[PDB]
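Values below: every heavy atom of this structure, side chains too, minus hydrogens, waters and symmetry copies. As the structure lists them, so they are numbered: ligands from 1, and atoms in each ligand from 1. Lettering follows sequence order; numbering is per chain, from 1.
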Amino acid sequence: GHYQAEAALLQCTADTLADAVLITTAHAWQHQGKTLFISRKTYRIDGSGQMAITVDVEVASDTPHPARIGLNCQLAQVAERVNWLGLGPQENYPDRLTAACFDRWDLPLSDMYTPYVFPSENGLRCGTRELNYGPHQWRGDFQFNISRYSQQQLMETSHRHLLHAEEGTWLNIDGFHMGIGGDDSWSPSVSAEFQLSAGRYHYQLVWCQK
Amino acid sequence: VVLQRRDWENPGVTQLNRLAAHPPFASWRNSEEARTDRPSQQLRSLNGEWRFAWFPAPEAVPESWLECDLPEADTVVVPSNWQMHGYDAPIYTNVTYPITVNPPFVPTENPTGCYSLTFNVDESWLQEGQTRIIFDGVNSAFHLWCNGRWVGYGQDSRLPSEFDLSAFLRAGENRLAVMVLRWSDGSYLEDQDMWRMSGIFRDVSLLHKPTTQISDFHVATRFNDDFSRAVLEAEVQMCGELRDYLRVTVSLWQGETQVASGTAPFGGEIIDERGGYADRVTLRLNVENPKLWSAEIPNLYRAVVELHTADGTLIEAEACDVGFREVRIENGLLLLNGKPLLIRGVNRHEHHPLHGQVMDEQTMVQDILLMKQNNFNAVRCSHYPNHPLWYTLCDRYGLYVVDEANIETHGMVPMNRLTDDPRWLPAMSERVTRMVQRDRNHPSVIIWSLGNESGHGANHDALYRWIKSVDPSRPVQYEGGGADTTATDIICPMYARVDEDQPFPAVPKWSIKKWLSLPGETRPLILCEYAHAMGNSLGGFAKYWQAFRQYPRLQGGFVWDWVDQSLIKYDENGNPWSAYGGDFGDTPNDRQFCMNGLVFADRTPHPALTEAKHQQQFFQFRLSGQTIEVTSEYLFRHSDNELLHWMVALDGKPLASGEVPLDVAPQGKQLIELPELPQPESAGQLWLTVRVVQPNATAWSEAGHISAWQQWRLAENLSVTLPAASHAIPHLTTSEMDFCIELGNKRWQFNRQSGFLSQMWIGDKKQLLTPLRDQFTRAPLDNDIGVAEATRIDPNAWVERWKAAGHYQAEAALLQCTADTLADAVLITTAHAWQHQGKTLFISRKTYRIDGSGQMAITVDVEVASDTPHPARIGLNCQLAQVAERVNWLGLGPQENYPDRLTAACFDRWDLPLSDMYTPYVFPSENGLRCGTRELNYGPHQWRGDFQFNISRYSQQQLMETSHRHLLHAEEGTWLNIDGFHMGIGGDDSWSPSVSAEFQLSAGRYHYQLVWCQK
Ligand SMILES: CC(C)S[C@@H]1O[C@H](CO)[C@H](O)[C@H](O)[C@H]1O
Ligand SMILES: [Mg+2]
Ligand SMILES: [Mg+2]
Ligand code: NA
Ligand code: NA
Ligand code: NA
Ligand code: NA
Ligand code: NA
């Protein structure tokens, strides 16, 4: 039920600190009475206008290891360039990132999408410490992809020529992403060390305007 | 003559007047006594009280000593090492010879043990036949006199030296004088890594043989292809007068049942142009469906060899245990009885903390039972032939033995300097040939070894071929000169790693997986030494066993080693303590390197022994749905003394359990389907534990013995229910110097200058003696330390890297300390930098959240500079004010376990006395860690999270600063170390870094969270 699991809110609080506002949230994803994941977050917005997002995820040990532990949203902005400090410039995944180099990369948005004839998850860049898109900046240690196509649309389209640019830009920022495998393509081929099996995951992001 | 000839400085003289070597003799004059292996009237022990005087050199020994007792002599027990009686110092050196390397010469100051015995001989022994004396082991060389008359001389410390005393003895009282030299030319071939001791350290005996006698016998067993048929072949040689009426009968018995018998007169088949052996005969006995010998089922027959006359008068009988087994290498695999072995082996030195190198039956039995109880099936005699009883015990209890010649020349430069030299071939040959002649009839002996750490020389090639020629029944191995030379049937490296190459010049240690498939290589690979168990070690032991099971030609190895070579010393209070190298004034020495055991010298297990047991299990398990698949790794036996216990528990709370009989054929499978388990009440992780239990007692185990176990995570129910909101609210009291939190009778004190929680109160009582601070270091384990390189200690060693980077000196700089009041909690936020000479090593960022329920949630985020050596641990430490009797935890246990040594540990609720949370390694270090811990309880405290911890009355600082465990003193309160992350311990070897990459703390950023609360 990973594709059908609905978020259930367990907690949502706001606190005022000496120099910041703190939002604390907790969610559970369930399918047929079974809790798959729990997500606990704090958002800390300070006087510099930077939102520090802290995320702790619990994954039920008996659920199939998830494909990613991350956040997504559709941004209103469509900018021409994507600029990042991390592994690049080409698409790279946790078990396919040896060729990528850590540096400052700057590409047109279209280059952040790989036009696989059969549409799928694509365009990820790993080991990224800073992402810049339009007025936004994200900082941390994450994996991301950025395109005009939702995961939902990539999931529902059989050929690439049938894809349509959606309004704005879909951003996927992952603390963790599962390997892609490929030893063969007719059985599970992602090696144990590239499966998301730790049970407890932690990542932190900073969202700001620069 | 004796002082003039200096036979102890001449490698061409290894003995004088010594009798030929042979299998164990008892010279029974009764066949039934021979059959039942009862005592023989013709084999007397001379062990007991002897007279002894120590001298600094053989020149200092008075001539009068030959004729009568020296008044200044003491009465001492023999067998003994004279170092153990305090006459001089035992010396611990590993590689470097304890004497100047100047072969064949030894120091002029050469400790000399003067032994003597006044003993009686029956007149009947002298009126007929031959009376010989047998010295099972004398270290290192000796001259022998009897009644003032010189008899002979002997070398090789580890094989019996026999002399004919018939012409020397008188009826009634006689006196032996034995002059034992500590050093001889023999010493150059005896450079094993062990205490250097000396004396008559094995049994002394008198054997009476008739004049017409069995002088040798060899027993071989050959089989057809399916082992349903065997021929036992016995070659028997006589000495004395040949007469036509002489006969030899060889009978074979299975218990009380005679299986076969054959009689012939003397006279062997034509051998060459000159005829055959008139003084030999070979008997061949047919055996249908023989019960085969193995370590799994040590089936033994008894062979009795009778020398007799035609009319039926017995002259004498000799005898041995026969094991019907075939050892062969075929298609690159070592086979026993047609089946590929998997050697679960250990190296074992003959060591006793009190008696030094003297062995006794009780100790030997204790060792074997402990070995078998821990899933060992094999032992290597490192690095010499053993006390003769060892092989009898291995025959009967079932262990595969590698018999090893007493030749080690480790300290030569280069290592093969003597073994490549034809002048040393004679001395070397005797150590090999006389071992084979003694031990060739033991079924437990399955492999011959040419010695240890003596490079590869042409003398090895000669002696390798000599063995293949005289005994085709057993493979020959030898590790020297690169582990895969022409002198070995088996690739037998020491401390070759699983996946990592160590490409040393000339003698590389390839990864074992890679070694097998090197171009042209076909041989089986069995490590003669691996998993160096020095102190807190056996990290990565699981990695060897995964490879052993996966690769057919990786057929296992021998752990280094069985037992810590510590010795007992006594202080002023007369209290015994465990001593290592240097502790006797011995210098140069190699300190604690004599202690590499899976057990302490008194045979108490180290925690690593349980990891060995688990990894060497003879049953493999898989879980699919509700089905458990049990695979037998036994080659010969069915599981006819086994049942499976299973148990399902929710975070330690038993929910369901049961037992199933195991009926698995060798190498076979059994499917066991678990019944539908009741639905669990609450949130938590269900855990399945299986154990294989032996209901019946055996020769080597007691009823209820657990031989195998495995665990799996079953279903997990994540807690979604919010905790009931506590009405109480904590108050923040701000000072210039302190942030203080109060909740009823509870106070938390945060020092605003240091940035740490400096104190906690429950009413009047202080909780802490030292503040709660980050810790990134550990008291170094032996594996962290390594060895001295030369001009300095090896800079590659972990401890050296940590010291150089300033890890042990790093001082916390406070970057931020702030307090905040929340809706229902107080939040303390801190940041620290650890710096050394301007360099920031670690940054720790923390939040402490204290809520109305009285719980403190600590969140720790650590940055580790990528260019600092990877830290030993990421955690917290403090000294608790309280000392409590019990320690209770939900996590991996019950024994000490580390990230690369935790497979043996089980997840459950464990409760131990506090003293059991400390491992008393003779050389103190970080110890007693337990991993995968979700909850820890100690007195009034409870910690929850996902952490590793140790808890003891010793600080890391004290452990780090103390050379010996007996010098440790319990500090006030209790030191607690709670780690989010702990580096592996390694141990593939203990003289270079050996922690695998996946167990190094190299991620750069680390997160962990704890909840501290009262219980
Ligand atoms: C220290 C190494 C260079 S030699 C190393 O020493 C060990 C110490 O227990 C063992 O004696 C090994 O057999 C030997 O190879
Ligand atoms: Mg000599
Ligand atoms: Mg050595
Ligand atoms: Na698709
Ligand atoms: Na194997
Ligand atoms: Na050693
Ligand atoms: Na059974
Ligand atoms: Na120490």
Side-chain angles (χ1 to χ4, degrees), chain B residues 91-96 191-196 346-349 351 380 382-384 404 408-413 415 449 451-455 479-483 492-496 502 504 507 509 527-535 537 557-567 580-581 589-598 601 618-619 630 632 634 637-645 659-666 668 670 672 691-696 698 705 707-708 782-783 785-790 793-794 796-797 922-923 987-994:
Chain B
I91 295 165
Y92 174 62
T93 176
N94 173 359
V95 179
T96 308
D191 193 42
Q192 293 89 339
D193 178 17
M194 65 183 181
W195 288 97
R196 311 310 170 100
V346 67
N347 289 276
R348 177 185 169 274
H349 268 283
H351 180 83
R380 169 163 180 245
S382 60
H383 302 288
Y384 39 76
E404 188 150 282
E408 169 158 358
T409 72
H410 206 158
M412 296 307 298
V413 176
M415 212 189 302
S449 177
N452 189 65
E453 296 182 312
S454 304
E479 177 285 334
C492 57
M494 48 178 68
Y495 319 105
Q502 303 169 83
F504 309 114
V507 291
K509 295 179 194 296
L527 295 130
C528 74
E529 300 175 26
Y530 80 112
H532 198 257
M534 178 178 181
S537 196
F558 298 84
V559 169
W560 189 274
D561 64 346
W562 182 240
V563 58
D564 270 359
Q565 289 184 62
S566 60
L567 287 167
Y580 51 78
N589 71 78
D590 287 292
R591 39 175 184 96
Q592 72 263 43
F593 266 100
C594 56
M595 304 182 307
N596 323 133
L598 286 174
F618 292 87
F619 297 97
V630 182
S632 169
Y634 280 112
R637 63 175 298 273
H638 279 248
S639 68
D640 64 354
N641 190 24
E642 276 88 5
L643 53 75
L644 190 87
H645 284 341
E659 56 181 50
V660 178
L662 281 174
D663 183 47
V664 219
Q670 191 183 328
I672 299 169
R691 311 141 104 202
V692 178
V693 184
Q694 303 179 355
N696 303 133
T698 64
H705 172 75
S707 68
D782 279 305
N783 296 337
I785 295 168
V787 290
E789 198 194 42
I793 304 158
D794 179 32
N796 203 36
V922 182
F923 180 83
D988 288 356
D989 65 71
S990 305
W991 49 92
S992 70
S994 68

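Using a 4.0 angstrom heavy-atom cutoff, B/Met534 does not count as in contact with ligand 1. Residue contacts with ligand 1 include B/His532, since one of its heavy atoms falls under 4.0 Å from the ligand.
Between B/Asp561 and B/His349, the closest side-chain pair of non-hydrogen atoms falls below 4.5 Å. Side-chain contact between B/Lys509 and B/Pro493 is absent, with no heavy atoms from C-beta onward closer than 4.5 Å. Side chains of B/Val559 and B/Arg380 form no contact here, defined as non-hydrogen atoms less than 4.5 Å apart.
In B/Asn94, the part holding a heavy atom less than 4.0 Å from any atom of ligand 1 is the side chain. When heavy-atom distances to ligand 1 are checked against a 4.0 Å cut-off, B/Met494 comes that close only through its side chain, counted from C-beta outward.
Among protein heavy atoms, atom 14 (C) of ligand 1 sits closest to B/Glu453 OE2, 3.2 Å.
Any N or O atom pair closer than 3.5 Å counts here, and B/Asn596 shares at least one such pair with ligand 1. The N/O atoms of B/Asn452, backbone and side chain alike, include none that comes under 3.5 Å of an N/O atom in ligand 1. Polar contact with ligand 1: absent for B/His410 (N/O pair, distance under 3.5 Å).
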Self-check item: Test side-chain hydrogen bond (donor to acceptor under 3.5 Å, both in side chains) applied to B/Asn452 and B/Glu404, step by step
Solution: CA-CA 8 Å; B/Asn452 189 65; B/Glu404 188 150 282; 5.3 Å; no

Exercise. Evaluate the ring pair (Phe, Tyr, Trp, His ring centres under 6.0 Å) criterion for residues B/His532 and B/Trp991: first the C-alpha distance (whole Å), next the side-chain angles of each, then the deciding distance (0.1 Å), finally the verdict.
Key: CA-CA 10 Å; B/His532 198 257; B/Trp991 49 92; 5.0 Å; yes

Practice problem: Please report the C-alpha distance between B/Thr93 and B/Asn589 in whole Å, then the side-chain angles of each, then the deciding distance to 0.1 Å, and finally whether the side-chain hydrogen bond (donor to acceptor under 3.5 Å, both in side chains) criterion is met. | Solution: CA-CA 5 Å; B/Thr93 176; B/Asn589 71 78; over 6 Å; no

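Of all non-hydrogen atoms in B/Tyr495 and B/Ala531, the two that sit nearest each other are CD2-N, 4.4 Å. Counting all heavy atoms, side chain and backbone alike, B/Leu643 lies closest to B/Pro661 at CB-CA, 4.2 Å.
Taking every non-hydrogen atom of B/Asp193 and a distance limit under 4.0 Å, the qualifying atoms of ligand 1 come out as 7 (C), 8 (C), 9 (O), 10 (C), 11 (O). Numbered from 1 in the order shown, with element, the atoms of ligand 1 that lie under 4.0 Å from a heavy atom of B/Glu529 read 12 (C), 13 (O).
Relative orientation of the B/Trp560 and B/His383 rings is parallel, given thresholds of 30° and 60° on the angle between their planes.
Here the two rings, on B/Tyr580 and B/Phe593, have centers that are 6.0 Å apart or farther.
Our summary of the site lists the angle at the Na ion (ligand 6) between OD1 of B/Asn596 and OD2 of B/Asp193 as 150°, to the nearest 10 degrees. The O atom of B/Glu642 and the O atom of B/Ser639 meet at the Na ion (ligand 7) at an angle of about 120°, given to 10°.
Not one N/O/S atom of B/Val664, from backbone or side chain, sits under 3.0 Å from the Na ion (ligand 7). At a cut-off of 3.0 Å, B/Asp640 is not counted among the residues with an N, O or S atom near the Na ion (ligand 7). Distance check for B/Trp560 against the Na ion (ligand 6): none of its N/O/S atoms falls below 3.0 Å. For B/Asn641, every N, O or S atom stays at 3.0 Å or more from the Na ion (ligand 7).
The residue among B/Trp991, B/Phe593, B/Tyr495 with a heavy atom at the shortest distance from atom 3 (C) of ligand 1 is B/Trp991.
Listed for the B/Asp989 side chain is no donor-acceptor partner under 3.5 Å among the backbone atoms of B/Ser994.
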